[PDB]
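**Student:** Protein chains in written order, with the deposited numbering: chain A, 1 to 356; chain B, 1 to 356.
Just so you know, even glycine gets a beta-carbon here, dropped at the ideal spot from N, CA and C.
Protein chains: 2
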Amino acid sequence: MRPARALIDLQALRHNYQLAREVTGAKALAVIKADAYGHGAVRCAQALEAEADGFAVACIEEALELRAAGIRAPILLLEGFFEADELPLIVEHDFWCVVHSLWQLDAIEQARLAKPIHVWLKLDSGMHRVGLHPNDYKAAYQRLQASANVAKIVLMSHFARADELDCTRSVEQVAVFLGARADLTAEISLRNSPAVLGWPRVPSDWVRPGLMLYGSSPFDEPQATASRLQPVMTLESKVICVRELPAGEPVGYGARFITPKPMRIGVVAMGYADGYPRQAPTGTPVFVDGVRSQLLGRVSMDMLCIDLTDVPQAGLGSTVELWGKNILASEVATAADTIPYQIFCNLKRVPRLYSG
Amino acid sequence: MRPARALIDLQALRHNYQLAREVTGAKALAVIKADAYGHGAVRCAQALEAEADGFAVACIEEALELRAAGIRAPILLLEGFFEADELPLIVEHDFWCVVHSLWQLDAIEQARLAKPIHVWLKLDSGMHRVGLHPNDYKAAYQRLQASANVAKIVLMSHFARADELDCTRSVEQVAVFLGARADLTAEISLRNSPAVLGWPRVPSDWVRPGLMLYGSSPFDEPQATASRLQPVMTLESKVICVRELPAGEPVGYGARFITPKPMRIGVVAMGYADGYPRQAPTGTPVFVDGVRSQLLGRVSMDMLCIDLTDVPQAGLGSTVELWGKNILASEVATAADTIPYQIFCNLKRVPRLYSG
Numbered sequence: 001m002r003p004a005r006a007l008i009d010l011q012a013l014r015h016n017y018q019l020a021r022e023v024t025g026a027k028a029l030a031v032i033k034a035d036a037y038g039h040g041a042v043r044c045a046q047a048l049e050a051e052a053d054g055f056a057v058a059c060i061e062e063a064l065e066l067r068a069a070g071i072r073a074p075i076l077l078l079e080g081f082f083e084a085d086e087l088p089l090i091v092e093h094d095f096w097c098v099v100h101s102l103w104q105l106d107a108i109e110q111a112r113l114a115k116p117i118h119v120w121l122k123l124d125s126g127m128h129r130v131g132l133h134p135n136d137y138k139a140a141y142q143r144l145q146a147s148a149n150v151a152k153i154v155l156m157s158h159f160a161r162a163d164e165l166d167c168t169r170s171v172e173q174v175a176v177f178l179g180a181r182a183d184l185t186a187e188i189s190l191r192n193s194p195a196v197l198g199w200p201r202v203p204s205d206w207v208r209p210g211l212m213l214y215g216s217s218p219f220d221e222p223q224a225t226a227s228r229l230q231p232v233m234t235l236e237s238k239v240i241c242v243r244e245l246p247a248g249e250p251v252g253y254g255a256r257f258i259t260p261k262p263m264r265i266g267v268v269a270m271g272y273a274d275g276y277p278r279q280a281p282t283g284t285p286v287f288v289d290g291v292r293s294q295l296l297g298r299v300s301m302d303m304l305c306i307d308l309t310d311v312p313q314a315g316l317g318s319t320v321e322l323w324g325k326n327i328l329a330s331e332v333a334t335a336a337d338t339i340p341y342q343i344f345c346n347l348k349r350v351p352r353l354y355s356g
Numbered sequence: 001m002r003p004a005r006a007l008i009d010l011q012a013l014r015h016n017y018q019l020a021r022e023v024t025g026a027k028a029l030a031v032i033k034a035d036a037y038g039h040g041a042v043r044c045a046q047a048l049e050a051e052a053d054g055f056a057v058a059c060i061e062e063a064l065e066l067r068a069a070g071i072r073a074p075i076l077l078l079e080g081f082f083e084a085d086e087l088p089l090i091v092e093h094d095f096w097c098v099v100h101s102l103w104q105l106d107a108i109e110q111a112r113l114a115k116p117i118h119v120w121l122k123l124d125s126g127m128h129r130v131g132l133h134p135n136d137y138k139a140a141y142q143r144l145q146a147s148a149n150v151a152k153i154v155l156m157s158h159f160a161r162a163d164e165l166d167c168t169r170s171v172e173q174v175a176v177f178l179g180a181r182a183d184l185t186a187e188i189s190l191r192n193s194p195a196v197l198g199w200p201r202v203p204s205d206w207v208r209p210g211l212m213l214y215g216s217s218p219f220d221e222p223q224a225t226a227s228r229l230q231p232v233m234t235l236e237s238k239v240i241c242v243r244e245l246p247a248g249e250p251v252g253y254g255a256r257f258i259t260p261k262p263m264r265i266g267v268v269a270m271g272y273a274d275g276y277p278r279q280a281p282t283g284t285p286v287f288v289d290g291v292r293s294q295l296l297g298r299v300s301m302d303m304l305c306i307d308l309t310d311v312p313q314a315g316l317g318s319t320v321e322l323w324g325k326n327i328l329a330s331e332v333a334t335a336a337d338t339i340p341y342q343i344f345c346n347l348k349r350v351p352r353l354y355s356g
């Protein structure tokens, strides 16, 4: 079979979740939207359910997938319902719902539900993605409170620049949130991965760590707390072809890499269709047989090319790590001029193996 | 439900494949590796099988998927077998197998097969990915010919820079291939999408179109033959949130976009996890309600942001095309500094609706 495989360390996943609770002292919703950032929502949720406060996903179809797999922990719909006739399913399956716009408020206020539902009322505090205007926040709360279709209200917002520790925008957003909510008595939720790890003074009854759980740091700089994270995914494959080339030879599509010296070349069973970034330039690090090497030339759809010149006893059948505990995903992401979030989600075709 | 959907035009797929034969006058293997470039390997193959010469995939598992669905047209394993014990499966399901290295030749020569198999002997003619050295080509052919495990031999190779019409590398590769094969009597295969559309005097008994079938052009420049292509995939969603903002307001993560004037902002249910490139900068075109607009700020995992300032009667529930017949995938790919190949493959989560 194709040697390409993604290894998922579930024990590390459990360790990173506990870290979020330990450092913050609050309840934590494990954010597992987009198939748990390509790690597998179903298997990840089963691993955490026994000791987790709940989960958070992007849409109802992701949440339904968890119920069908026997997950009965609380699940939050981070974007809420997209269509009004999703509500009966929300009640049936007891999903926690986010309200980020006044039109969503109108739909709940007008419909007649069999049982009351939890509403996580989202404020736009400076990011300008989804969320209400501060001026409407109090009025929207009082409408939900006097609805009889809502059982509990949680106040939430999201940070635009929490990964930038020098930036004071996070403090500005907190001031906006506190000012907009002050007077109202309810639980609050503000913190994501960066805010959990590096913003200890930010209040949160509920924290929402995503990237954290998967063992990747959201900062450009080193962070004491983020250094304790354990990488979950190990993407690996094997060398299927070895070639010796003289100096001045073009390698791959577009001839974007020409051999500057006589080199030994290896072809790996891994491509951009599997989730490995095509944006990764020549020099991007592997990792083959316990030695750090480099990527060479264009990444093809199913194949990529690495250097084997300085690694004498590596060849056919040698294991190559694309990212994991040895090559951090953040290194590959930063080289391809992107964030680890994306390259995790891009994971495809390869079988996920679970252990720990 | 989440309004995000990918529409697959199977009629256009049939049209694009017929175009490959029509322009080339030869048999065409429909390259449907990577789940048919994200379009769906099974559904595409079914729609083509009746009138297609054969199919090509990256690995045995992609081929086994087709046999399980009932596709019994010829299937070529473009990279051949990765492990020696894949051979009994190859014989059982009658897969055509590529031999790109001598270790694969040793594996077939030593094994005892129930029935003889077709070998597509691949030459490295200058790309330096996978393939034999020109010196070993004639020798490897004779070992396959006198094996009794081999029924038919096709000689193949692949172009590195065929998308560059000004470049003469394709002519050099044909000269190397012809020189290494001359004397030997067998069917040949060389041409991919760019070579089919823009390299008329290149020989091929079998052509291998990939990107072509999905309605996207492999060229930067406009090409007469490539203009006849019909886009297959339409990726679309709806506006879920509408916001009015004054000048000097940051939008999205990292504040990578600040409002230069008072604007009207729209949030679309589509993110980088779905397959949309995060590399797409501010200015990247939609397409909302028949009018061309632009992407604003960073793309989130599940959400992206568009401009609604100049589009007066667009708002909540407005259909947004990310790419398709109105916005070519090449326009988005060239803006995100990549090729249409990658963004097609990145397609995830969204349901694919098959019509035409």
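Could you name the residues of the stretch 331-347 of chain A whose beta carbon sits closer than 8 Å to any beta carbon of chain E, in the order they occur along the chain?
**Tutor:** The displayed structure is made up of protein chains A and B, and chain E is not among them.
**Student:** With distances taken from CA atoms, which of B:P116, B:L132, B:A45, B:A47 is nearest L123 (chain B)?
**Tutor:** Reading the second sequence from its first residue, position 123 is the one you call residue 123 (chain B). Taking only the C-alpha atoms, the option nearest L123 (chain B) is B:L132.
**Student:** Between the C-alpha atoms of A50 (chain A) and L213 (chain B), what's the straight-line distance to the nearest angstrom?
**Tutor:** Here residue 50 (chain A) is taken as the residue at index 50 of the first sequence, counted from 1. Here residue 213 (chain B) is taken as the residue at index 213 of the second sequence, counted from 1. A50 (chain A) and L213 (chain B): Cα-Cα distance of roughly 48 Å.
**Student:** Would you identify the three-state DSSP class for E244 (chain A), choosing helix, strand or coil?
**Tutor:** Taking the first sequence and counting its residues from 1, one reaches residue 244 (chain A) at position 244. It is a strand residue.
**Student:** Going by DSSP, what residues sit across from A28 (chain A) in a beta bridge?
**Tutor:** For the purposes of this step, residue 28 (chain A) is taken as residue 28 along the first sequence, with counting starting at 1. Answer is A:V207.
**Student:** Does any CB atom of chain B fall closer than 7 Å to the CB of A273 (chain A)?
**Tutor:** As a working mapping, residue 273 (chain A) is identified with position 273 in the first sequence. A273 (chain A) counts as touching chain B.
**Student:** Taking a cut of 8 Å between CB atoms, which residues from the stretch 84-101 of chain A lie near chain B?
**Tutor:** Per Cβ criterion, the list reads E86, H100, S101.
**Student:** Comparing C-alpha positions only, which one of B:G80, B:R292, B:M156 sits nearest to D205 (chain B)?
**Tutor:** Along the second sequence, one-based indexing puts residue 205 (chain B) at 205. When only C-alpha atoms are compared, the closest one is B:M156.
**Student:** In chain order, what residues of the same chain lie with their CB nearer than 7 Å to the CB of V31 (chain A), ignoring the 5 residues before and after it?
**Tutor:** Position 31 of the first sequence, counting from 1, holds the residue named residue 31 (chain A). The answer, listed in chain order, is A56, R208, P209, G210.
**Student:** Check each candidate in B:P231, B:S101, B:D307 and name the one with the smallest Cα separation from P340 (chain B).
**Tutor:** Here residue 340 (chain B) is taken as the residue at index 340 of the second sequence, counted from 1. That would be B:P231, whose Cα lies nearest to the Cα of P340 (chain B).
**Student:** Can you tell which of A:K138, A:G215, A:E65 has the C-alpha that lies nearest to the C-alpha of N326 (chain A)?
**Tutor:** Position 326 of the first sequence, counted from the start, is the residue given in the question as residue 326 (chain A). Of the candidates A:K138, A:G215, A:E65, the one whose C-alpha sits nearest the C-alpha of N326 (chain A) is A:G215.
**Student:** Give the list of continuous beta strand (DSSP E) stretches no shorter than 3 residues that lie fully inside the stretch 148-182 of chain B.
**Tutor:** For the stretch 148-182 of chain B, whole beta strand (DSSP E) runs of length 3 or above, ordered along the chain, are 150-157.
**Student:** For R298 (chain A), I'd like the list of residues in its chain whose CB is within less than 7 Å of its CB, leaving aside the five on either flank, ordered along the chain.
**Tutor:** Locating residue 298 (chain A) in the first sequence gives position 298, where the first residue counts as 1. Excluding residues within five positions, the ones whose Cβ falls inside 7 Å are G252, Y253, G254, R256.
**Student:** Within the stretch 89-122 of chain A, note down every full alpha helix (DSSP H) run reaching 4 residues or more, in order along the chain.
**Tutor:** If we require 4 residues or more, the alpha helix (DSSP H) runs fully inside the stretch 89-122 of chain A come out as 102-110.
**Student:** In terms of residues, what are the limits of the beta strand (DSSP E) holding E79 (chain A)?
**Tutor:** Here residue 79 (chain A) corresponds to residue number 79 of the first sequence, with the count starting at 1. Where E79 (chain A) is concerned, there is no enclosing beta strand (DSSP E), given that its DSSP letter is neither H nor E.
**Student:** Between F55 (chain A) and chain B, is the shortest Cβ-Cβ distance under 7 Å, so that the two count as touching?
**Tutor:** Here residue 55 (chain A) refers to the residue found at position 55 of the first sequence. Cβ-Cβ to chain B under 7 Å: no for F55 (chain A).
**Student:** I need the DSSP call for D35 (chain A), collapsed to helix, strand or coil.
**Tutor:** Here the question's residue 35 (chain A) lines up with position 35 in the first sequence. In the structure shown, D35 (chain A) sits in a helix (DSSP, three-state: H, G or I).
**Student:** When you compare the CB positions of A151 (chain B) and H100 (chain B), do they come within less than 7 Å of one another, or not?
**Tutor:** Numbered from its first residue, the second sequence carries residue 151 (chain B) at position 151. Numbered from its first residue, the second sequence carries residue 100 (chain B) at position 100. No, they are not a contact pair.
**Student:** Who pairs with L64 (chain A) in a beta bridge, going by DSSP?
**Tutor:** Here residue 64 (chain A) refers to the residue found at position 64 when the first sequence is read from its first residue. Paired residue(s): none; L64 (chain A) is not in a bridge.
**Student:** Who are the Cβ neighbours of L64 (chain A) in its own chain at under 6 Å, not counting the five residues just before and after it?
**Tutor:** As a first step, residue 64 (chain A) is located in the first sequence; it is residue number 64 there, counting from the start. None.
**Student:** Apply the 10 Å Cβ neighbour rule to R2 (chain B) and answer buried if 16 or more other Cβ atoms are within range, or exposed otherwise.
**Tutor:** Within the second sequence, the letter at position 2 stands for residue 2 (chain B). Buried, since its Cβ has 16 or more Cβ neighbours within 10 Å.
**Student:** In the DSSP output, which residue or residues are listed as bridge partners for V268 (chain A)?
**Tutor:** By one-based count along the first sequence, residue 268 (chain A) stands at place 268. According to DSSP, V268 (chain A) bridges with A:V239, A:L304.
**Student:** So, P246 (chain A) versus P262 (chain A), is the Cβ gap smaller than 7 Å?
**Tutor:** The residue labelled residue 246 (chain A) in the question sits at position 246 within the first sequence. The residue labelled residue 262 (chain A) in the question sits at position 262 within the first sequence. It is a contact, given that the beta carbons lie within the stated cut-off.
**Student:** Look at the Cβ atom of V288 (chain B), then the Cβ atom of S318 (chain B), and state whether they are nearer than 7 Å.
**Tutor:** If you number the second sequence from 1, residue 288 (chain B) lands on position 288. If you number the second sequence from 1, residue 318 (chain B) lands on position 318. Yes, the Cβ-Cβ distance between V288 (chain B) and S318 (chain B) is below 7 Å.
**Student:** Could you confirm whether any beta carbon from chain A is found closer than 7 Å to the beta carbon of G317 (chain B)?
**Tutor:** Stepping through the second sequence from its first residue, residue 317 (chain B) is reached at position 317. It does not: the Cβ of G317 (chain B) has no partner Cβ on chain A nearer than 7 Å.
**Student:** Tell me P250 (chain B)'s beta-bridge partners as DSSP assigns them.
**Tutor:** Your numbering for residue 250 (chain B) matches position 250 in the second sequence. For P250 (chain B), which the question treats as bridged, DSSP gives the partners B:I258.
**Student:** What residues from chain A crowd round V267 (chain B), counting only those whose CB sits closer than 7 Å?
**Tutor:** Taking the second sequence and counting its residues from 1, the one referred to as residue 267 (chain B) is at position 267. Near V267 (chain B) (Cβ distances below 7 Å), the residues of chain A are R129, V130.
**Student:** Counting only Cβ pairs nearer than 9 Å, list the residues of chain A close to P3 (chain B).
**Tutor:** Against the second sequence, residue 3 (chain B) aligns to sequence position 3. Within 9 Å Cβ-Cβ: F82, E83.
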